[PDB]
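A.B. asks: Structure supplied as structure32.cif; contents: mmCIF, C-alpha atoms.
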```cif
data_model
#
loop_
_atom_site.label_atom_id
_atom_site.label_comp_id
_atom_site.auth_asym_id
_atom_site.auth_seq_id
_atom_site.Cartn_x
_atom_site.Cartn_y
_atom_site.Cartn_z
CA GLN K 1 92.17 52.72 46.06
CA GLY K 2 93.67 51.60 42.76
CA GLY K 3 93.32 47.89 43.36
CA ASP K 4 92.35 46.78 46.85
CA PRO K 5 93.76 43.29 47.55
CA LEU K 6 91.40 42.53 50.43
CA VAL K 7 88.48 43.68 48.30
CA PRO K 8 88.51 41.96 44.90
CA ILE K 9 87.08 44.16 42.17
CA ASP K 10 83.74 42.93 40.84
CA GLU K 11 84.01 41.50 37.34
CA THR K 12 80.31 41.84 36.53
CA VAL K 13 80.05 45.56 37.29
CA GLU K 14 81.21 48.49 35.16
CA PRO K 15 84.99 48.96 35.07
CA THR K 16 85.66 52.08 32.98
CA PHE K 17 87.18 55.53 32.96
CA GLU K 18 84.90 58.39 33.99
CA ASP K 19 84.50 59.52 30.34
CA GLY K 20 83.41 55.99 29.50
CA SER K 21 86.79 55.20 28.00
CA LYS K 22 88.52 51.79 27.98
CA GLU K 23 92.17 52.76 27.43
CA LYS K 24 94.11 55.97 27.76
CA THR K 25 97.69 55.85 26.58
CA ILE K 26 99.56 59.12 26.87
CA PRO K 27 103.28 58.92 25.94
CA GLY K 28 105.13 58.82 29.24
CA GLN K 29 102.00 58.86 31.39
CA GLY K 30 101.22 55.17 31.25
CA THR K 31 98.26 53.09 30.14
CA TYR K 32 95.03 52.28 31.87
CA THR K 33 93.46 49.22 30.29
CA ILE K 34 90.11 47.60 30.92
CA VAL K 35 88.88 44.48 29.15
CA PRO K 36 85.25 43.16 29.19
CA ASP K 37 86.36 40.31 31.48
CA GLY K 38 85.85 42.79 34.29
CA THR K 39 89.54 43.31 34.91
CA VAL K 40 91.42 46.61 34.68
CA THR K 41 95.09 47.52 34.81
CA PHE K 42 95.72 50.76 36.68
CA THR K 43 99.20 51.57 35.45
CA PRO K 44 100.12 55.18 36.29
CA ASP K 45 103.54 56.80 36.05
CA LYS K 46 104.44 59.19 38.86
CA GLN K 47 107.79 59.71 37.15
CA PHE K 48 106.25 61.62 34.26
CA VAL K 49 107.31 65.22 34.66
CA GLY K 50 105.28 67.08 32.08
CA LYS K 51 101.63 67.41 31.17
CA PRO K 52 99.38 64.36 31.68
CA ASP K 53 95.97 64.19 30.02
CA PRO K 54 93.02 64.92 32.37
CA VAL K 55 91.38 61.53 32.87
CA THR K 56 89.76 59.79 35.82
CA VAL K 57 89.83 56.01 36.01
CA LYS K 58 86.79 54.49 37.76
CA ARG K 59 85.91 50.87 38.51
CA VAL K 60 83.77 49.70 41.42
CA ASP K 61 84.68 46.72 43.59
CA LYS K 62 82.48 43.98 45.09
CA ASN K 63 81.24 46.38 47.76
CA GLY K 64 80.90 49.13 45.21
CA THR K 65 83.81 51.39 46.06
CA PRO K 66 85.16 53.23 42.98
CA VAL K 67 88.92 52.74 42.92
CA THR K 68 89.96 55.79 40.99
CA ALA K 69 92.99 57.44 39.50
CA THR K 70 92.75 61.12 38.69
CA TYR K 71 95.28 62.44 36.22
CA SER K 72 95.59 66.17 35.65
CA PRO K 73 98.34 68.80 34.92
CA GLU K 74 98.93 68.93 38.68
CA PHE K 75 100.01 65.28 38.80
CA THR K 76 103.33 65.66 37.01
CA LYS K 77 106.43 66.16 39.15
CA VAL K 78 104.78 64.51 42.12
#
```
Give the structure from the file, written as structure tokens.
C.D. replies:
Amino acid sequence: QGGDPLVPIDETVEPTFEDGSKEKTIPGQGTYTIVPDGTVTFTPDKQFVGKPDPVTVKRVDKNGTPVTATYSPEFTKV
């Protein structure tokens, strides 16, 4: 999940967020950034006590496993 070291993410497949988004910056929540090079930065913040914006990050690796991050109002003081 997130970014498997033993399973390099495939740079020719679709790395996106579930909504089809490319970056989601919410103040305090972090930034998830994908660039067309096929590389994505999953940068979450589990120190953000508040209300994160509901977004699911989804990129598939070489095998095709979607490494995801699911942010929702539950994932605050966790």
A.B. asks: Go through K:63, K:28, K:68, K:76 one by one, measure the shortest atom-to-atom distance of each to residue K:51 using only C-alpha atoms, and give the residue with the smallest value.
C.D. replies: K:76
A.B. asks: Could you tell me which of K:45, K:61, K:53, K:18 comes closest to residue K:78 if we count only C-alpha atoms?
C.D. replies: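 Distance minimum relative to residue K:78 lands on K:45.
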A.B. asks: Carefully work through the PyMOL selection byres ((chain K and resi 70-74) around 12) for this structure and note down the residues it includes, as a PDB file with C-alpha atoms, in the frame of the given file.
C.D. replies:
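File produced: out_12.pdb:
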```pdb
ATOM      1  CA  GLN K   1      92.170  52.720  46.060  1.00  0.00           C
ATOM      2  CA  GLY K   2      93.670  51.600  42.760  1.00  0.00           C
ATOM      3  CA  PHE K  17      87.180  55.530  32.960  1.00  0.00           C
ATOM      4  CA  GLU K  18      84.900  58.390  33.990  1.00  0.00           C
ATOM      5  CA  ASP K  19      84.500  59.520  30.340  1.00  0.00           C
ATOM      6  CA  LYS K  24      94.110  55.970  27.760  1.00  0.00           C
ATOM      7  CA  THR K  25      97.690  55.850  26.580  1.00  0.00           C
ATOM      8  CA  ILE K  26      99.560  59.120  26.870  1.00  0.00           C
ATOM      9  CA  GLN K  29     102.000  58.860  31.390  1.00  0.00           C
ATOM     10  CA  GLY K  30     101.220  55.170  31.250  1.00  0.00           C
ATOM     11  CA  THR K  31      98.260  53.090  30.140  1.00  0.00           C
ATOM     12  CA  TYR K  32      95.030  52.280  31.870  1.00  0.00           C
ATOM     13  CA  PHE K  42      95.720  50.760  36.680  1.00  0.00           C
ATOM     14  CA  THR K  43      99.200  51.570  35.450  1.00  0.00           C
ATOM     15  CA  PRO K  44     100.120  55.180  36.290  1.00  0.00           C
ATOM     16  CA  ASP K  45     103.540  56.800  36.050  1.00  0.00           C
ATOM     17  CA  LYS K  46     104.440  59.190  38.860  1.00  0.00           C
ATOM     18  CA  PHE K  48     106.250  61.620  34.260  1.00  0.00           C
ATOM     19  CA  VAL K  49     107.310  65.220  34.660  1.00  0.00           C
ATOM     20  CA  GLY K  50     105.280  67.080  32.080  1.00  0.00           C
ATOM     21  CA  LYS K  51     101.630  67.410  31.170  1.00  0.00           C
ATOM     22  CA  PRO K  52      99.380  64.360  31.680  1.00  0.00           C
ATOM     23  CA  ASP K  53      95.970  64.190  30.020  1.00  0.00           C
ATOM     24  CA  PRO K  54      93.020  64.920  32.370  1.00  0.00           C
ATOM     25  CA  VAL K  55      91.380  61.530  32.870  1.00  0.00           C
ATOM     26  CA  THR K  56      89.760  59.790  35.820  1.00  0.00           C
ATOM     27  CA  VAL K  57      89.830  56.010  36.010  1.00  0.00           C
ATOM     28  CA  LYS K  58      86.790  54.490  37.760  1.00  0.00           C
ATOM     29  CA  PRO K  66      85.160  53.230  42.980  1.00  0.00           C
ATOM     30  CA  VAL K  67      88.920  52.740  42.920  1.00  0.00           C
ATOM     31  CA  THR K  68      89.960  55.790  40.990  1.00  0.00           C
ATOM     32  CA  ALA K  69      92.990  57.440  39.500  1.00  0.00           C
ATOM     33  CA  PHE K  75     100.010  65.280  38.800  1.00  0.00           C
ATOM     34  CA  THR K  76     103.330  65.660  37.010  1.00  0.00           C
ATOM     35  CA  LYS K  77     106.430  66.160  39.150  1.00  0.00           C
ATOM     36  CA  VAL K  78     104.780  64.510  42.120  1.00  0.00           C
TER      37      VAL K  78
END
```
A.B. asks: Might you spell out which residues the PyMOL selection byres ((chain K and resi 8) around 12) would select in the displayed file, as a list in words?
C.D. replies: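 That expression, the PyMOL selection byres ((chain K and resi 8) around 12), corresponds here to residues 1, 2, 3, 4, 5, 6, 7, 9, 10, 11, 12, 13, 38, 39, 40, 59, 60, 61, 62, 63, 64, 65, 66 and 67 of chain K.
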A.B. asks: Give the centre and edge lengths of an axis-aligned box, in Å to one decimal, that holds all listed atoms of stretch 1-13 of chain K with 3 Å on each side, as AutoDock Vina command-line options.
C.D. replies:
```
--center_x 86.9 --center_y 47.1 --center_z 43.5 --size_x 19.7 --size_y 17.2 --size_z 19.9
```
A.B. asks: Starting from the sparse input, extend stretch 24-48 of chain K to N, CA and C atoms and give the output as a JSON list (two decimals), keeping the file's coordinate frame.
C.D. replies:
```json
[["chain", "number", "residue", "atom", "x", "y", "z"],
["K", 24, "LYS", "N", 93.53, 54.66, 27.96],
["K", 24, "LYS", "CA", 94.11, 55.97, 27.76],
["K", 24, "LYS", "C", 95.62, 55.89, 27.82],
["K", 25, "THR", "N", 96.25, 55.86, 26.66],
["K", 25, "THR", "CA", 97.69, 55.85, 26.58],
["K", 25, "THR", "C", 98.21, 57.23, 26.20],
["K", 26, "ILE", "N", 98.88, 57.87, 27.14],
["K", 26, "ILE", "CA", 99.56, 59.12, 26.87],
["K", 26, "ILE", "C", 101.05, 58.88, 27.01],
["K", 27, "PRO", "N", 101.83, 59.17, 25.96],
["K", 27, "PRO", "CA", 103.28, 58.92, 25.94],
["K", 27, "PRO", "C", 103.99, 59.42, 27.20],
["K", 28, "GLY", "N", 104.42, 58.48, 28.03],
["K", 28, "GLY", "CA", 105.13, 58.82, 29.24],
["K", 28, "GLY", "C", 104.26, 58.75, 30.48],
["K", 29, "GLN", "N", 102.95, 58.77, 30.28],
["K", 29, "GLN", "CA", 102.00, 58.86, 31.39],
["K", 29, "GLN", "C", 101.60, 57.47, 31.86],
["K", 30, "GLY", "N", 101.61, 56.52, 30.94],
["K", 30, "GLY", "CA", 101.22, 55.17, 31.25],
["K", 30, "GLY", "C", 99.99, 54.75, 30.48],
["K", 31, "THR", "N", 99.48, 53.56, 30.77],
["K", 31, "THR", "CA", 98.26, 53.09, 30.14],
["K", 31, "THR", "C", 97.32, 52.50, 31.18],
["K", 32, "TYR", "N", 96.07, 52.87, 31.07],
["K", 32, "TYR", "CA", 95.03, 52.28, 31.87],
["K", 32, "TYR", "C", 94.18, 51.43, 30.94],
["K", 33, "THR", "N", 94.10, 50.14, 31.22],
["K", 33, "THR", "CA", 93.46, 49.22, 30.29],
["K", 33, "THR", "C", 92.40, 48.36, 30.96],
["K", 34, "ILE", "N", 91.18, 48.46, 30.46],
["K", 34, "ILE", "CA", 90.11, 47.60, 30.92],
["K", 34, "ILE", "C", 89.63, 46.70, 29.79],
["K", 35, "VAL", "N", 89.45, 45.42, 30.10],
["K", 35, "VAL", "CA", 88.88, 44.48, 29.15],
["K", 35, "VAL", "C", 87.57, 43.93, 29.71],
["K", 36, "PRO", "N", 86.62, 43.56, 28.82],
["K", 36, "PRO", "CA", 85.25, 43.16, 29.19],
["K", 36, "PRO", "C", 85.17, 41.98, 30.17],
["K", 37, "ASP", "N", 86.32, 41.40, 30.50],
["K", 37, "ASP", "CA", 86.36, 40.31, 31.48],
["K", 37, "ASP", "C", 86.13, 40.85, 32.88],
["K", 38, "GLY", "N", 86.09, 42.17, 33.00],
["K", 38, "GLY", "CA", 85.85, 42.79, 34.29],
["K", 38, "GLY", "C", 87.13, 43.08, 35.03],
["K", 39, "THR", "N", 88.24, 43.07, 34.31],
["K", 39, "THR", "CA", 89.54, 43.31, 34.91],
["K", 39, "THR", "C", 90.19, 44.55, 34.29],
["K", 40, "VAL", "N", 90.81, 45.37, 35.13],
["K", 40, "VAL", "CA", 91.42, 46.61, 34.68],
["K", 40, "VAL", "C", 92.84, 46.73, 35.21],
["K", 41, "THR", "N", 93.74, 47.24, 34.39],
["K", 41, "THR", "CA", 95.09, 47.52, 34.81],
["K", 41, "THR", "C", 95.27, 49.01, 35.06],
["K", 42, "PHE", "N", 95.40, 49.39, 36.33],
["K", 42, "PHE", "CA", 95.72, 50.76, 36.68],
["K", 42, "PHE", "C", 97.22, 50.91, 36.67],
["K", 43, "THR", "N", 97.76, 51.40, 35.56],
["K", 43, "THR", "CA", 99.20, 51.57, 35.45],
["K", 43, "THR", "C", 99.54, 53.04, 35.23],
["K", 44, "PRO", "N", 99.72, 53.79, 36.33],
["K", 44, "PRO", "CA", 100.12, 55.18, 36.29],
["K", 44, "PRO", "C", 101.64, 55.34, 36.34],
["K", 45, "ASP", "N", 102.12, 56.53, 36.01],
["K", 45, "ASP", "CA", 103.54, 56.80, 36.05],
["K", 45, "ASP", "C", 103.80, 58.11, 36.78],
["K", 46, "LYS", "N", 104.18, 58.01, 38.05],
["K", 46, "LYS", "CA", 104.44, 59.19, 38.86],
["K", 46, "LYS", "C", 105.84, 59.73, 38.60],
["K", 47, "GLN", "N", 106.46, 59.26, 37.53],
["K", 47, "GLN", "CA", 107.79, 59.71, 37.15],
["K", 47, "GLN", "C", 107.71, 60.57, 35.90],
["K", 48, "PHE", "N", 106.49, 60.84, 35.46],
["K", 48, "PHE", "CA", 106.25, 61.62, 34.26],
["K", 48, "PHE", "C", 106.16, 63.10, 34.58]]
```
